[PDB]
Number of protein chains: 4
Amino acid sequence: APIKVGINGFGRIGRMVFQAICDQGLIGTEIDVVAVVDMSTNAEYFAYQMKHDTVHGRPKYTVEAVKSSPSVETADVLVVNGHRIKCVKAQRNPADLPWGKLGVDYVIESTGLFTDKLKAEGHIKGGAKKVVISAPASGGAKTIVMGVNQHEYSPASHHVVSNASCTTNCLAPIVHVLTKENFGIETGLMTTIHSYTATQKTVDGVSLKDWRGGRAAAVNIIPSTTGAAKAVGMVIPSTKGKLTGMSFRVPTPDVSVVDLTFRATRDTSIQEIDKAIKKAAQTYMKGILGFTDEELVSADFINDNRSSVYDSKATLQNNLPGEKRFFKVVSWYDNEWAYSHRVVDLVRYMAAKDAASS
Amino acid sequence: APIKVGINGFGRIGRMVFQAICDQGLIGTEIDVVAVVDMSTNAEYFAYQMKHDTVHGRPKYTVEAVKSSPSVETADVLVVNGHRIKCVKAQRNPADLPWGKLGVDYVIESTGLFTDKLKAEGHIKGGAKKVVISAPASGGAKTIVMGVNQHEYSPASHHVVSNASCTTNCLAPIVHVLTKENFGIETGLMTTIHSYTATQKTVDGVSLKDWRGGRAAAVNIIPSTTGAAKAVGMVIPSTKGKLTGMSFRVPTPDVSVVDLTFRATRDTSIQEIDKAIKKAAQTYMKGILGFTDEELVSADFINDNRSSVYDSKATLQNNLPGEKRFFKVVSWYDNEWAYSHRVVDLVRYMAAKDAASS
Amino acid sequence: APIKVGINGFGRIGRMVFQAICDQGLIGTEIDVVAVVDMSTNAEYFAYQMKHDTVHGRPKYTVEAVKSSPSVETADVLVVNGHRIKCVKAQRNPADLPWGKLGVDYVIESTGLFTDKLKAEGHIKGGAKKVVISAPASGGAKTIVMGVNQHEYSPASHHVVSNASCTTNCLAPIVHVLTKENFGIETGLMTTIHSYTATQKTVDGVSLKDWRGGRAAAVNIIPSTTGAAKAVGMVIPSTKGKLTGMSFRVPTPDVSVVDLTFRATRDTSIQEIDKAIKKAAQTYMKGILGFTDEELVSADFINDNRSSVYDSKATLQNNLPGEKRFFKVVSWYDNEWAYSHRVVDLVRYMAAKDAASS
Amino acid sequence: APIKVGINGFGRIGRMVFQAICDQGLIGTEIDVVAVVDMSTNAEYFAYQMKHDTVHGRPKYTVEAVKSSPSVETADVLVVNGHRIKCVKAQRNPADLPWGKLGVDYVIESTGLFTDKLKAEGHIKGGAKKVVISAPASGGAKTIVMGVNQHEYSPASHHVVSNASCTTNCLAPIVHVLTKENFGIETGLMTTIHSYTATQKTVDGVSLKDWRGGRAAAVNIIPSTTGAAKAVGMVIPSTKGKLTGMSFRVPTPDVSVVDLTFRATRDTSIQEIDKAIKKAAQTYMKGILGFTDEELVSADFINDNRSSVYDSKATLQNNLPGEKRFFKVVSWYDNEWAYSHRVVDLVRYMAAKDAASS
Ligand SMILES: NC(=O)c1ccc[n+]([C@@H]2O[C@H](COP(=O)([O-])OP(=O)(O)OC[C@H]3O[C@@H](n4cnc5c(N)ncnc54)[C@H](O)[C@@H]3O)[C@@H](O)[C@H]2O)c1
Ligand SMILES: NC(=O)c1ccc[n+]([C@@H]2O[C@H](COP(=O)([O-])OP(=O)(O)OC[C@H]3O[C@@H](n4cnc5c(N)ncnc54)[C@H](O)[C@@H]3O)[C@@H](O)[C@H]2O)c1
Ligand SMILES: NC(=O)c1ccc[n+]([C@@H]2O[C@H](COP(=O)([O-])OP(=O)(O)OC[C@H]3O[C@@H](n4cnc5c(N)ncnc54)[C@H](O)[C@@H]3O)[C@@H](O)[C@H]2O)c1
Ligand SMILES: NC(=O)c1ccc[n+]([C@@H]2O[C@H](COP(=O)([O-])OP(=O)(O)OC[C@H]3O[C@@H](n4cnc5c(N)ncnc54)[C@H](O)[C@@H]3O)[C@@H](O)[C@H]2O)c1
């Protein structure tokens with residue numbers, strides 16, 4: 001049966017998720033997008049935001065704005081590839097949303113305002129079965145990183161899942177093969193050269209939380225922080241307290257790169273690792289972890305759905321020749337595309353386990 | 001006596017105005033800044049916002065954050081060059097501000113949220129005498145462009161004045177000498193290649209008012225609009241309905257250029273105009289209209305306080321050889337700096353006429 | 001028969017031209033790319049430059065680098081969609097290139113070094129029949145703007161044709177319908193907000209020719225000049241001396257916009273013009289002049305092969321209400337993509353008239 | 001006596017060095033700039049490149065272009081603060097320059113074309129005593145990093161000295177106090193988020209050496225390489241083969257940051273290190289190694305002459321809580337300013353040891 005879904009917050013991640021749904025052909029049959037929600041309800045504005053994107057270009061599907069009853073002035077229904085989607089008005093509280101009435105089982109929380117498990121439980125109280133937070137969730141919700149611990153999902157216990165962060169969906173896959181392939185990680189520190197996002201400012205403005213983050217985004221190298229720092233251990237408990245890091249926000253609208261440095265448990269080599277990541281990429285991590293033997297730059301990873309695509313050359317060429325412990329692993333990721341495709345995956349998977357149980 | 005002022009909205013224009021006051025040595029003596037208003041009241045954050053600016057660098061003055069009564073945890077008093085300034089908490093309504101209590105006579109409206117005359121009158125109802133709106137004001141407020149019609153100010157009638165816009169303070173001066181020098185403007189269209197502002201987005205987000213204006217700021221040439229379009233006529237009524245224009249927002253954090261194209265009333269030449277603008281610049285428009293014979297680019301105008309600086313070479317070289325009517329006149333302006341300096345001028349000038357009358 | 005062509009200068013325009021030949025399916029059959037010429041002859045580097053483009057993404061075709069005789073160390077033959085293309089070594093003089101030997105009849109001059117008719121005649125001296133310069137050529141070569149005067153081509157007289165410039169290929173079609181639709185242009189001045197190009201500098205460096213043009217490309221609004229200023233008249237002789245303009249280079253890697261201002265010969269309205277351009281777009285200018293009724297920004301025109309795509313909303317919204325003469329017409333163009341498509345068009349059309357005659 | 005010096009390659013580093021000379025007041029008395037060398041000899045163009053700098057603003061001095069004998073058309077002499085400097089024409093070979101004639105003893109090699117000890121010896125063969133290469137020199141010249149091993153200079157042996165690279169002048173001071181304070185570095189890997197330079201392209205062009213490095217500078221995150229990789233060991237031999245790294249070039253015109261991760265020889269803490277670097281900064285490294293306790297971003301470091309300015313907050317905040325070995329140290333530096341100030345320092349100190357001996 002079509003998985004009944006709703007999108008709360010039709011932003012970068014909101015629209016990229018919807019796009020991954022329509023482009024993989026899932027829309028209408030496999031998955032069913034009932035209603036999207038944002039500040040306005042002008043299906044016309046939504047139609048425009050969908051047809052033209054600065055970084056990803058025009059979507060493969062076809063969208064139209066139609067007003068339901070001719071009495072309403074502004075259009076309020078998107079018609080994507082023969083399928084009516086409703087434009088619901090934004091609520092300050094999740095529990096105010098007409099999910100249950102609408103017939104929405106899986107709510108995708110991507111407004112970014114409700115990262116808390118409790119604040120996000122409101123969707124359930126609004127009539128929804130499950131909720132997938134598009135960011136590191138607080139209040140102890142279940143953090144899952146596809147390709148690493150999706151199996152740990154519990155149809156009975158877990159009703160408010162978190163798909164971690166973009167950096168997390170990049171680092172965790174790597175940390176996974178590293179332990180699984182027995183190279184092990186004693187202590188590690190990582191940095192992510194990150195594209196700027198919606199939360200940064202075009203010009204020096206206010207950001208009471210992070211002082212630096214409020215500076216002119218596209219004009220400075222802004223040291224900041226990463227979700228992946230915390231989130232990594234909640235997926236791979238083995239690394240808890242043994243891994244930490246930061247992020248440098250730089251003047252690029254999309255695509256980021258993880259720069260991991262770690263110490264192995266056993267003596268090994270960079271070729272050994274390089275070989276195991278490529279192998280892992282072609283075997284058990286296929287579709288999640290990929291790699292590259294080319295001299296690529298950031299722009300070359302735009303629209304690349306792999307959670308993390310390891311850089312062969314970059315890594316091999318920048319490690320100590322005589323070394324068996326202290327290593328560096330470079331890996332890229334398109335932070336809006338890959339992550340979004342991982343959210344659709346989680347949904348569909350959660351729906352599979354939900355069909356078995358509840 | 002020290003003019004009693006307060007700043008509502010300590011942003012780009014907020015902070016540049018306060019800076020123009022300290023840097024011109026006006027702080028404490030000539031002008032007296034009682035309190036600054038913004039989202040937070042942490043003078044420590046304000047301190048930081050003041051000492052490091054991406055585009056204008058470090059201010060000449062000295063700022064410190066001090067908590068008045070040791071009972072308050074976060075500092076709440078700025079000490080700029082030996083002077084206590086209070087950090088007032090932001091109000092949803094202007095009339096809620098403690099102006100009258102604080103002892104503030106002149107309110108500077110720069111939150112951008114109250115461009116309406118009536119929404120702005122609230123400051124008077126809050127205990128303030130006069131109010132200067134740092135943008136084109138609606139509700140029929142008094143629009144004044146220093147160097148063009150400041151004399152028209154009325155201490156009795158006018159209580160909510162508008163300092164026009166940055167593009168207005170650049171176009172108006174030129175339009176003034178064009179008329180005053182008897183060249184006359186029949187019909188005219190203008191474009192302004194403008195740097196982006198706090199109102200634009202880093203990535204493709206929401207902008208319900210102007211659809212294009214919500215696109216990635218630092219990654220596109222975004223056709224938009226300019227305040228100067230309307231505001232120009234409200235200062236030089238002679239041009240009402242005979243002049244209009246647009247603006248292209250481009251990937252630069254500050255400094256813009258006006259590209260005016262018009263038709264003269266009488267036959268004339270580009271040299272005639274070139275000469276008249278230079279003369280005007282050295283005589284009656286000094287300090288407001290300036291000019292350049294150098295091969296400059298945008299960066300060269302940062303921190304230049306002239307409302308408008310005519311570009312001699314770009315103009316002379318880019319006009320028809322055999323022509324007596326159809327002309328082009330290019331001119332630059334640092335939209336955050338010069339405009340801010342004009343705001344202070346308006347206040348001080350207003351305070352002068354208010355000392356004569358009321 | 002397959003048109004025998006070779007490209008001199010495999011750069012932005014060089015590579016986009018080759019791409020337009022492969023993507024339209026013309027490669028191998030309709031057109032035959034014999035050899036490409038650049039600094040190096042490493043087919044491997046060529047293949048890399050071909051497979052990853054910052055602004056236009058990965059091409060549709062497939063490319064491989066193969067060394068001909070196993071005796072040569074570096075590969076020297078590209079294999080695009082089953083077709084051997086040779087990597088010729090760059091020559092300081094065109095006449096030194098082995099065109100005639102290789103079997104190349106049509107040379108595409110895109111190094112940027114030989115814009116002179118005489119410097120360009122060298123290819124003929126080197127064994128080539130016809131030469132198309134991808135820029136405004138000097139020495140009085142034949143300037144042609146597809147959709148405007150290609151018919152003026154003379155297989156007997158014209159052997160070194162110039163495809164004008166990108167700005168010329170966007171302004172010309174507009175000027176064409178304005179005259180053909182009898183609106184007439186008395187006097188006109190135009191500005192083009194243009195993306196930066198290979199001739200600009202990342203940081204302040206040398207540009208002995210144009211002083212401003214040597215400044216930090218991606219950080220300033222650099223007043224400069226346009227080829228279209230002169231070239232327009234060499235295509236539409238009727239406008240000679242009646243039109244001129246400048247260009248502002250801005251921080252965007254691709255896609256530019258023309259901002260024309262003119263005075264009509266007869267009284268008319270903006271809607272009349274608007275209607276005529278859309279009509280012209282659907283009729284006799286189809287494929288060359290196009291238009292848009294959407295609220296688009298620069299990124300939205302990437303990969304748009306129309307020589308010029310008129311902006312209806314921007315035009316209609318930014319003109320004087322009571323106006324019958326003084327108008328503004330905004331139009332976009334992808335300076336690398338559209339223009340490159342026009343060069344392939346010119347070649348194939350020239351080959352058609354050359355088959356009739358010589 | 002005034003040190004006789006000449007600049008070869010009046011570029012970013014060329015002009016910044018000359019500026020450090022004029023601004024520190026050294027021009028004319030302490031140091032004597034005899035002539036500057038570049039592509040052109042037009043003192044007027046030079047005047048222009050000196051008066052307006054995109055990133056550093058207008059220099060404090062005063063420059064003028066004057067033609068010596070009224071017979072020469074273009075000016076050929078710069079008059080900086082009362083002092084005639086000659087504009088010599090660029091030579092393909094160093095040994096062809098008129099150093100000996102001119103009366104130049106110390107040549108500053110900054111064209112970037114002669115990093116080889118042997119290629120640079122040509123200056124001596126041209127009549128010059130000593131030569132300082134503004135970049136890691138090959139051919140085994142003497143690599144000196146002020147504040148780390150300048151004392152190792154030998155007025156007798158060393159005649160072609162190399163001032164290392166910008167990143168090197170940033171990492172070395174840090175590696176110095178790390179060993180000097182007995183924290184010891186077992187194995188280390190570093191990354192530098194670096195601003196783009198004059199060797200990168202505005203748009204996807206040719207760069208046969210580094211494939212990635214030829215991609216659009218201001219639009220990508222380009223993994224590349226750093227000089228400091230090798231150079232570090234040639235200054236602190238104790239680290240040879242124990243330290244290596246890479247650089248990620250990002251869309252910023254100036255100011256970079258080093259991100260070092262290493263393993264200590266002995267158990268220790270981040271606070272210990274933090275303490276030792278601030279201490280060292282206030283004692284034996286003063287003027288070379290500085291630090292900051294503020295929430296700074298890239299633009300804050302522009303015009304900061306310290307070779308390396310440690311970031312206290314970024315480091316303290318981003319290290320493992322329970323950790324005695326695996327650490328991270330973040331440090332900024334203005335790659336054009338600081339480094340240039342180190343070149344002037346090296347010269348004058350070389351001059352000191354040369355007055356003692358030869
Ligand atoms: N951009 C990335 O690289 C990325 C990647 C992975 C995860 N995320 C995370 O997922 C979340 C999505 O953020 P984003 O970067 O897409 O920003 P965004 O601003 O594009 O998305 C937020 C959307 O929520 C809307 N919104 C605000 N309040 C709402 C409400 N009450 N109800 C409904 N909609 C509301 C906003 O208008 C906006 O369109 C963030 O927390 C972000 O950290 C972002
Ligand atoms: N920067 C320019 O180029 C420029 C030029 C001319 C005029 N202006 C005009 O001045 C205004 C502001 O421009 P800006 O660049 O300063 O914008 P900004 O975003 O920098 O200013 C808004 C500031 O006011 C604060 N604020 C919002 N609501 C507030 C409230 N209710 N009370 C107190 N503070 C509040 C915001 O937090 C922020 O600090 C607009 O009207 C704008 O047109 C700006
Ligand atoms: N990109 C645009 O905006 C654009 C648009 C219209 C017209 N044009 C014109 O097209 C031409 C191509 O320009 P571009 O922007 O592609 O520049 P580009 O710098 O990317 O292309 C020039 C290429 O020519 C190569 N080259 C130089 N000398 C050579 C020689 N002797 N032999 C062989 N190859 C040589 C260079 O190595 C470089 O690869 C220029 O004349 C330009 O004015 C460019
Ligand atoms: N820019 C930095 O961050 C930085 C940091 C450390 C070291 N340096 C070194 O400075 C060196 C020069 O780089 P830059 O950043 O000044 O670049 P630049 O290209 O701006 O300056 C080099 C200059 O040399 C001139 N030149 C070239 N060939 C010449 C020749 N044959 N004769 C005379 N003059 C010639 C050029 O015209 C140019 O002006 C590089 O090796 C670089 O590594 C620069």
# chains A, B, ... in the order shown; residues from 1 in each chain; ligands from 1
call {"tool": "select_by_dssp", "arguments": {"residues": "segment 236-291 of chain A", "states": "alpha helix (DSSP H)", "output": "VMD selection string"}}
result
chain A and resid 270 to 282
call {"tool": "write_last_selection", "arguments": {"atoms": "C-alpha atoms", "output": "mmCIF file, in the first residue's frame"}}
result
data_model
loop_
_atom_site.group_PDB
_atom_site.id
_atom_site.type_symbol
_atom_site.label_atom_id
_atom_site.label_comp_id
_atom_site.auth_asym_id
_atom_site.auth_seq_id
_atom_site.Cartn_x
_atom_site.Cartn_y
_atom_site.Cartn_z
ATOM 1 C CA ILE A 270 46.946 3.497 3.911
ATOM 2 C CA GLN A 271 46.781 1.116 0.944
ATOM 3 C CA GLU A 272 45.215 -1.472 3.218
ATOM 4 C CA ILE A 273 42.524 1.001 4.202
ATOM 5 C CA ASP A 274 42.072 2.349 0.679
ATOM 6 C CA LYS A 275 41.543 -1.252 -0.497
ATOM 7 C CA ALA A 276 39.027 -2.038 2.265
ATOM 8 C CA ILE A 277 36.913 1.087 1.637
ATOM 9 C CA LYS A 278 36.727 0.438 -2.099
ATOM 10 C CA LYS A 279 35.833 -3.186 -1.386
ATOM 11 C CA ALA A 280 33.265 -2.174 1.225
ATOM 12 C CA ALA A 281 31.888 0.335 -1.309
ATOM 13 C CA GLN A 282 31.314 -2.404 -3.901
#
call {"tool": "residues_around", "arguments": {"residues": "residue 352 of chain D", "least_positions_apart": "6", "cutoff": "12 Å", "atoms": "only C-alpha atoms", "output": "PyMOL selection string"}}
result
chain D and resi 1-3+30+150-151+153-155+345-346+358
call {"tool": "write_last_selection", "arguments": {"atoms": "N, CA and C atoms", "output": "short mmCIF file (atom, residue, chain, number, x, y, z; two decimals), in the first residue's frame"}}
result
data_model
loop_
_atom_site.label_atom_id
_atom_site.label_comp_id
_atom_site.auth_asym_id
_atom_site.auth_seq_id
_atom_site.Cartn_x
_atom_site.Cartn_y
_atom_site.Cartn_z
N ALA D 1 74.16 51.64 7.03
CA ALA D 1 73.87 52.07 5.63
C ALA D 1 72.58 51.46 5.11
N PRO D 2 71.92 52.13 4.14
CA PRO D 2 70.67 51.63 3.55
C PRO D 2 70.93 50.32 2.79
N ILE D 3 70.15 49.30 3.14
CA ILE D 3 70.27 47.99 2.48
C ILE D 3 69.80 48.16 1.05
N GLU D 30 66.51 52.85 6.47
CA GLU D 30 66.94 51.51 6.82
C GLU D 30 67.11 50.67 5.56
N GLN D 150 66.30 31.35 12.05
CA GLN D 150 67.02 32.36 11.30
C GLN D 150 68.48 32.41 11.71
N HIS D 151 68.74 32.07 12.97
CA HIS D 151 70.10 32.07 13.49
C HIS D 151 71.01 31.15 12.67
N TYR D 153 71.46 30.93 9.68
CA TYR D 153 71.95 31.57 8.47
C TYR D 153 73.47 31.69 8.50
N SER D 154 74.10 31.46 7.35
CA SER D 154 75.55 31.55 7.25
C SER D 154 75.97 32.54 6.17
N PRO D 155 76.41 33.75 6.57
CA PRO D 155 76.84 34.79 5.63
C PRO D 155 77.86 34.30 4.62
N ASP D 345 61.76 41.08 7.22
CA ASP D 345 62.49 40.72 8.42
C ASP D 345 63.74 39.92 8.07
N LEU D 346 63.57 38.89 7.24
CA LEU D 346 64.68 38.04 6.83
C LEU D 346 65.76 38.87 6.16
N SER D 358 80.17 38.54 5.73
CA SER D 358 80.04 38.91 4.31
C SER D 358 78.80 38.28 3.67
#
call {"tool": "closest_residue", "arguments": {"among": "A:284, A:301, A:196, A:61", "to": "residue 252 of chain A", "atoms": "only C-alpha atoms"}}
result
A:196
call {"tool": "interface_residues", "arguments": {"of": "chain B", "to": "chain C", "cutoff": "7 Å", "atoms": "only C-alpha atoms", "output": "list in words"}}
result
residues 187, 211, 212, 219, 220, 221, 222, 223, 244, 245, 246, 250, 251, 252, 295, 296, 297, 298, 299, 318, 319, 320 and 326 of chain B
call {"tool": "residues_around", "arguments": {"residues": "residue 75 of chain C", "least_positions_apart": "6", "cutoff": "6 Å", "atoms": "only C-alpha atoms", "output": "list in words"}}
result
residues 42, 43, 65, 66 and 67 of chain C
call {"tool": "write_last_selection", "arguments": {"atoms": "C-alpha atoms", "output": "compact mmCIF listing (two decimals), in the first residue's frame"}}
result
# COMPACT_ATOMS: atom_id res chain seq x y z
CA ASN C 42 47.68 14.74 -23.18
CA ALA C 43 44.39 13.18 -24.21
CA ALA C 65 42.15 8.79 -24.04
CA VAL C 66 44.20 6.30 -26.04
CA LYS C 67 47.82 6.51 -27.17
call {"tool": "residues_around", "arguments": {"residues": "residue 50 of chain D", "least_positions_apart": "5", "cutoff": "9 Å", "atoms": "only C-alpha atoms", "output": "count of residues only"}}
result
6
call {"tool": "residues_around", "arguments": {"residues": "segment 108-116 of chain A", "least_positions_apart": "3", "cutoff": "7 Å", "atoms": "only C-alpha atoms", "output": "compact mmCIF listing (two decimals) with C-alpha atoms, in the first residue's frame"}}
result
# COMPACT_ATOMS: atom_id res chain seq x y z
CA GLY A 6 3.53 14.47 4.97
CA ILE A 7 6.34 17.02 4.88
CA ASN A 8 6.51 19.60 7.64
CA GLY A 9 8.83 22.41 6.49
CA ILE A 13 15.74 19.35 2.83
CA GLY A 14 11.98 19.48 2.55
CA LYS A 119 8.38 18.65 20.60
CA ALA A 120 8.23 16.19 17.68
CA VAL A 131 7.91 10.79 12.74
CA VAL A 132 11.34 11.12 11.04
CA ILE A 133 13.35 14.16 12.14
CA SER A 134 15.69 15.42 9.39
CA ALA A 135 18.38 16.36 11.93
CA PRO A 136 20.06 15.25 15.16
CA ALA A 137 17.14 14.89 17.52
CA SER A 138 17.31 15.65 21.26
CA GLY A 139 15.18 14.26 24.08
call {"tool": "residues_around", "arguments": {"residues": "residue 291 of chain B", "least_positions_apart": "6", "cutoff": "6 Å", "atoms": "only C-alpha atoms", "output": "list in words"}}
result
residues 309, 310 and 311 of chain B
call {"tool": "write_last_selection", "arguments": {"atoms": "N, CA and C atoms", "output": "PDB file, in the first residue's frame"}}
result
ATOM      1  N   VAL B 309      29.262  59.107  -5.757  1.00  0.00           N
ATOM      2  CA  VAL B 309      30.513  59.492  -6.381  1.00  0.00           C
ATOM      3  C   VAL B 309      30.541  59.157  -7.866  1.00  0.00           C
ATOM      4  N   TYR B 310      30.290  60.194  -8.655  1.00  0.00           N
ATOM      5  CA  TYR B 310      30.257  60.158 -10.106  1.00  0.00           C
ATOM      6  C   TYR B 310      31.503  59.504 -10.692  1.00  0.00           C
ATOM      7  N   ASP B 311      31.335  58.670 -11.710  1.00  0.00           N
ATOM      8  CA  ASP B 311      32.457  57.992 -12.352  1.00  0.00           C
ATOM      9  C   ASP B 311      32.726  58.661 -13.711  1.00  0.00           C
TER      10      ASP B 311
END
call {"tool": "select_by_dssp", "arguments": {"residues": "segment 54-188 of chain B", "states": "strand (DSSP E)", "output": "list in words"}}
result
residues 65, 66, 77, 78, 79, 84, 85, 86, 87, 88, 89, 106, 107, 108, 109, 130, 131, 132, 133, 142, 143, 160, 161, 162, 185, 186, 187 and 188 of chain B
call {"tool": "write_last_selection", "arguments": {"atoms": "N, CA and C atoms", "output": "short mmCIF file (atom, residue, chain, number, x, y, z; two decimals), in the first residue's frame"}}
result
data_model
loop_
_atom_site.label_atom_id
_atom_site.label_comp_id
_atom_site.auth_asym_id
_atom_site.auth_seq_id
_atom_site.Cartn_x
_atom_site.Cartn_y
_atom_site.Cartn_z
N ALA B 65 31.71 46.02 27.57
CA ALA B 65 30.44 45.54 28.09
C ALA B 65 30.54 45.45 29.61
N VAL B 66 29.64 46.15 30.29
CA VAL B 66 29.60 46.15 31.74
C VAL B 66 28.16 45.95 32.22
N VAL B 77 25.37 47.17 29.50
CA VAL B 77 25.78 48.55 29.28
C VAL B 77 27.06 48.62 28.44
N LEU B 78 26.98 49.33 27.31
CA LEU B 78 28.12 49.55 26.40
C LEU B 78 28.86 50.80 26.85
N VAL B 79 30.18 50.72 26.91
CA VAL B 79 30.95 51.87 27.33
C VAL B 79 31.86 52.24 26.19
N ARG B 84 28.25 55.65 29.00
CA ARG B 84 27.33 54.54 29.26
C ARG B 84 26.11 54.58 28.33
N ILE B 85 25.96 53.50 27.57
CA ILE B 85 24.85 53.33 26.65
C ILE B 85 24.12 52.09 27.14
N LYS B 86 22.79 52.17 27.22
CA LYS B 86 22.00 51.04 27.72
C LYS B 86 21.46 50.10 26.65
N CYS B 87 21.44 48.81 26.98
CA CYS B 87 20.95 47.80 26.06
C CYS B 87 19.50 47.47 26.37
N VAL B 88 18.60 48.14 25.65
CA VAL B 88 17.16 47.95 25.81
C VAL B 88 16.66 46.69 25.11
N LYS B 89 15.66 46.05 25.70
CA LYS B 89 15.09 44.85 25.12
C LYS B 89 14.12 45.28 24.02
N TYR B 106 15.33 62.00 20.06
CA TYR B 106 15.40 61.56 18.67
C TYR B 106 15.60 60.07 18.50
N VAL B 107 14.58 59.42 17.95
CA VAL B 107 14.62 57.99 17.71
C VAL B 107 15.02 57.67 16.27
N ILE B 108 15.98 56.75 16.13
CA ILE B 108 16.43 56.30 14.82
C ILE B 108 15.82 54.91 14.58
N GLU B 109 14.89 54.88 13.63
CA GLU B 109 14.19 53.65 13.25
C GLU B 109 14.95 52.86 12.18
N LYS B 130 11.12 63.39 17.98
CA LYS B 130 11.23 63.12 16.55
C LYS B 130 11.74 61.72 16.22
N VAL B 131 11.43 61.26 15.01
CA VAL B 131 11.84 59.93 14.58
C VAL B 131 12.34 59.93 13.14
N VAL B 132 13.54 59.37 12.92
CA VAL B 132 14.12 59.27 11.57
C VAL B 132 14.15 57.81 11.09
N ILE B 133 13.33 57.53 10.08
CA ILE B 133 13.21 56.20 9.48
C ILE B 133 14.32 55.99 8.44
N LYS B 142 7.71 62.51 5.97
CA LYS B 142 8.53 63.47 5.24
C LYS B 142 9.83 62.86 4.70
N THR B 143 9.94 62.78 3.37
CA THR B 143 11.12 62.22 2.69
C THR B 143 12.16 63.30 2.40
N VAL B 160 8.03 62.66 11.88
CA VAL B 160 8.46 61.32 11.45
C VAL B 160 9.06 61.52 10.05
N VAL B 161 10.38 61.70 10.00
CA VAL B 161 11.10 61.94 8.75
C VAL B 161 11.73 60.65 8.23
N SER B 162 11.85 60.57 6.91
CA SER B 162 12.45 59.42 6.23
C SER B 162 13.66 59.87 5.41
N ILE B 185 15.67 66.91 -17.35
CA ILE B 185 15.41 65.51 -17.63
C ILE B 185 13.97 65.32 -18.09
N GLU B 186 13.82 64.94 -19.35
CA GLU B 186 12.52 64.71 -19.96
C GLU B 186 11.90 63.41 -19.46
N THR B 187 12.57 62.31 -19.80
CA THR B 187 12.14 60.98 -19.42
C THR B 187 13.41 60.21 -19.05
N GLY B 188 13.35 59.41 -17.97
CA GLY B 188 14.52 58.65 -17.54
C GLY B 188 14.30 57.31 -16.85
#
call {"tool": "closest_residue", "arguments": {"among": "A:204, A:336, A:304, A:293", "to": "ligand 2", "atoms": "only C-alpha atoms and all ligand atoms"}}
result
A:204
call {"tool": "atom_distance", "arguments": {"atom1": "atom CA of residue 99 of chain B", "atom2": "atom 15 (O, counted along the ligand's line) of ligand 2"}}
result
22.9 Å
call {"tool": "closest_residue", "arguments": {"among": "D:198, D:33, D:231, D:288", "to": "ligand 4", "atoms": "only C-alpha atoms and all ligand atoms"}}
result
D:198
call {"tool": "residues_around", "arguments": {"residues": "residue 287 of chain D", "least_positions_apart": "6", "cutoff": "8 Å", "atoms": "only C-alpha atoms", "output": "PDB file with C-alpha atoms, in the first residue's frame"}}
result
ATOM      1  CA  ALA D 281      53.340  34.082  22.293  1.00  0.00           C
ATOM      2  CA  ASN D 305      51.240  40.637  10.478  1.00  0.00           C
ATOM      3  CA  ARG D 306      51.785  37.722  12.900  1.00  0.00           C
ATOM      4  CA  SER D 307      53.130  34.659  11.074  1.00  0.00           C
TER       5      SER D 307
END
